[PDB]
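[1] experimental structure below, sequence on top.
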Amino acid sequence: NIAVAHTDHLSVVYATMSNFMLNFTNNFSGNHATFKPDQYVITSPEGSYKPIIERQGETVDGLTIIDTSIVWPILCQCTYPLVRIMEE
Amino acid sequence: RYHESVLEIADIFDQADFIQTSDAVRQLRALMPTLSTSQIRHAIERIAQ
Amino acid sequence: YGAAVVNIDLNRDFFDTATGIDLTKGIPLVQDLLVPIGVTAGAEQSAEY
């Protein structure tokens, strides 16, 4: 039932959003077996070492931890403009 | 060097009481807008109504 | 005498409004059966055919 909303609508929002200005990193090559993020540091002979990507664990921001359970409402309690009967 | 393209089952199978492949139905489907399952269900509900 | 033009239409008396059909345009047209999603209002009209 919801598959058209995903493929034939939300896909375009992803395709746009990937071209947004500040979405600068390459997040995923589509190959789970091989892909690793490019890793960079600001680094100085004087001894600075500031990795851009780093693992500090749960933060105040609330972005670090992922509840996967979110997939359920998305499948079983969301409406979409494509489903359904016409909505601009 | 290739062309990715859709291939309808009617363009593979042609059993008389299984897969309707009348050129009438063929062209009639050719007239149809792209369809989700909700669209089809809306059609059935309308005809029933 | 003076009949300017004689067409062969689908019979309205048989394909009544009770069928949902409207033949005034010279083609059958049924509102809200097959209908495209994801389009501007009034883009639904051709599907009525």
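    Ah, there it is. Residues are numbered from 1 along each chain as shown, chains lettered A, B, ... in the order given.
[2] residue contacts, the residue in chain C that chain A sits nearest to?
    Closest to chain A within chain C is residue C:37: 4.9 Å, counting by C-beta to the nearest C-beta. C-betas here are computed from N, CA, C, even on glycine. Contact analysis of residue C:37 by C-beta atoms under 8 Å, 6 or more residues apart in numbering or on different chains lists A:4, A:81, A:82, A:83, A:84, A:85, A:86, B:36, B:38, B:39.
[3] ok, residues contacting stretch A:44-63?
    A:37, A:39, A:40, A:41, A:42, A:43, A:64, A:65.
[4] is chain A contacted by the longest helix along chain B?
    Among the segments of chain B that qualify as a helix by DSSP state H, the longest is helix B:37-48. Yes: Helix B:37-48 is in contact with chain A by C-beta under 8 Å from any C-beta of the partner chain, via B:37, B:38, B:39, B:42.
[5] how about the first one: what's its closest non-neighbour residue?
    Pointing back at residue B:37 there. residue A:1 (6.1 Å; C-beta to C-beta, 6 or more residues apart in numbering or on different chains).
[6] what subset of the contacts of residue C:37 is buried?
    Buried positions within the contacts of residue C:37, assessed by neighbour count (16 or more other C-beta atoms under 10 Å in any protein chain shown), are A:4, A:82, A:83, A:84, A:85, A:86, B:36, B:38, B:39.
[7] okay, the residues you listed in TSV with distance to chain C next?
    TSV is the format used below for the buried ones among the contacts of residue C:37 (distance: C-beta to the nearest C-beta, whole Å):
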residue	distance to chain C
A:4	7
A:82	5
A:83	8
A:84	8
A:85	6
A:86	6
B:36	7
B:38	8
B:39	7
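[8] most widely separated two among those?
    Greatest spatial distance among the buried ones among the contacts of residue C:37 (C-beta to C-beta): A:4 and A:86, at 13.3 Å.
[9] show me what from chain A comes close to chain B.
    Checking chain A against chain B by C-beta under 8 Å from any C-beta, the hits are A:1, A:3, A:4, A:8, A:82, A:83, A:84, A:85.
[10] include secondary structure when you put the residues you listed into JSON lines, please.
    Converted to JSON lines, these look like this (DSSP: H, G, I helix; E, B strand; the rest coil):
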{"residue": "A:1", "secondary structure": "coil"}
{"residue": "A:3", "secondary structure": "helix"}
{"residue": "A:4", "secondary structure": "helix"}
{"residue": "A:8", "secondary structure": "helix"}
{"residue": "A:82", "secondary structure": "coil"}
{"residue": "A:83", "secondary structure": "strand"}
{"residue": "A:84", "secondary structure": "coil"}
{"residue": "A:85", "secondary structure": "coil"}
